[PDB]
Amino acid sequence: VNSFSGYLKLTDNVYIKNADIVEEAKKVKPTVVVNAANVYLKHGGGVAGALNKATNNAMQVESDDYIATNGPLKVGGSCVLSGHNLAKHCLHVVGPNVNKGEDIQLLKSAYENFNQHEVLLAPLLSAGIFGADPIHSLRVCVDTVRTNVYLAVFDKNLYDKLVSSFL
Ligand SMILES: O=C(N[C@H]1c2cccc(O)c2C[C@H]1C(=O)O)c1ccc2[nH]cnc2c1
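Under UniProt numbering, the first residue of the sequence shown carries the number 1025, and numbering increases by one thereafter.
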């Protein structure tokens, strides 16, 4: 039993809720919140800009030190950093950004990072400003992630389409 509330159960391990991941993060204090990161961990907009704003820019400060030490992530890769006031940990995962021409097949590799964590609050990778089809992203998620994933979908309209079209 865990503290996630109001989710629709899609599969044995995937749940989905129309929710603001920031607000859901502040209420649940999940062990892991996933950020829709880029390789530079520049949290300027979309989910990343919202999560970082909610941390009063502490996420960005920590991220800049991480990059200065380690260099950029790979597309499809991830790193674990602090969750600040939102979660114990933030798993920064880089899905491909279609608006940069990145290979959508790397989306499966991106979701594989989730399997290193028993339970996660997460957005749909490569959705929103990353330019992929959220329905495809949901399919890859369900077919790749084996751990327990609670997907927060900000847009109510999108959410209802994802539910209604789910196979
Ligand atoms: O842009 C957001 N979400 C999308 C996104 C963004 C970046 C990468 C992604 O893979 C996705 C999936 C989309 C979604 O889940 O709706 C988002 C969320 C909460 C917010 N609060 C204030 N502004 C917010 C913006």
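Idealized CB from N, CA, C, for every residue including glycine.
What span of residues does the beta strand (DSSP E) with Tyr1031 cover, start to end? Premise fails: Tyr1031 is in no beta strand (DSSP E) and is neither H nor E.
Excluding five sequence neighbours on each side, which residues of the same chain lie with their C-beta closer than 7 Å to the C-beta of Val1071? Around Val1071: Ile1045, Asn1059, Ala1060, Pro1147, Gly1152.
Kindly say whether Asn1181, judged by its beta-carbon, lies nearer than 8 Å to any beta-carbon of chain E. As a matter of chain content, chain E is missing from the structure shown, which is built from one protein chain.
What is the DSSP secondary structure of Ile1128, counted as helix, strand or coil? Shown here, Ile1128 sits in coil according to DSSP, grouped into three states, outside any helix or strand.
In the DSSP assignment, find the alpha helix (DSSP H) that holds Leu1186 and state where it starts and stops. From DSSP, the alpha helix (DSSP H) with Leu1186 extends over 1180 to 1188.
Using alpha carbons as the reference points, say which of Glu1142, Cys1165, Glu1047 lies closest to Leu1130. Comparing Cα-Cα distances from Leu1130 to each of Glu1142, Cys1165, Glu1047, the minimum goes to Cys1165.
Do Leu1032 and ligand 1 come close, with the Cβ less than 7 Å from some heavy atom? For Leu1032, the CB stays at least 7 Å from every heavy atom of ligand 1.
Could you compute how far the alpha carbon of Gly1125 sits from the alpha carbon of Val1085? Cα to Cα, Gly1125 sits roughly 28 Å from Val1085.
Alpha carbon to alpha carbon, how far is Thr1055 from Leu1110? Give it in angstroms, no decimals. Rounded to the nearest angstrom, the gap between the Cα atoms of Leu1110 and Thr1055 is 9 Å.
Can you grab the Cα-Cα spacing for the pair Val1173 / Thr1079, in whole Å? One Cα belongs to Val1173, the other to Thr1079, and the distance between them is close to 22 Å.
Suppose only complete runs of 3+ residues qualify. What are the beta strand (DSSP E) ranges in the region 1069 to 1153, listed by chain order? You should have 1102 to 1106, 1113 to 1117, 1143 to 1146.
By Cβ distance, which residues of its chain are closer than 8 Å to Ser1161, with the 5 residues on each side in sequence left out? In chain order, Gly1119, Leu1131, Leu1148, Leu1149, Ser1150, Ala1151 place their CB closer than 8 Å to the CB of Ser1161, counting only its own chain and leaving out the 5 sequence neighbours on each side.
Do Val1046 and ligand 2 come close, with the Cβ less than 7 Å from some heavy atom? Looking at this structure, you won't find ligand 2 anywhere; what it does contain is ligand 1.
Neighbourhood of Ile1091 by C-beta distance below 8 Å, restricted to the same chain and skipping five residues each side: Listed in chain order, the non-local C-beta contacts of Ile1091 below 8 Å within the same chain comprise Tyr1064, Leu1065, local neighbours out to five positions each way being set aside.
Look at the Cβ atom of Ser1133, then the Cβ atom of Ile1159, and state whether they are nearer than 8 Å. Not in contact: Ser1133 and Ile1159 (Cβ atoms no closer than 8 Å).
Using a threshold of 7 Å, is the CB atom of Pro1147 nearer than that to any non-hydrogen atom of ligand 1? Within the cutoff, so yes.
Can you give me the Cβ contacts of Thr1168 inside the same chain, cut-off strictly under 7 Å, excluding the 5 residues immediately before and after it? Answer for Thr1168: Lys1132, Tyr1135, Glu1136, listed in chain order.
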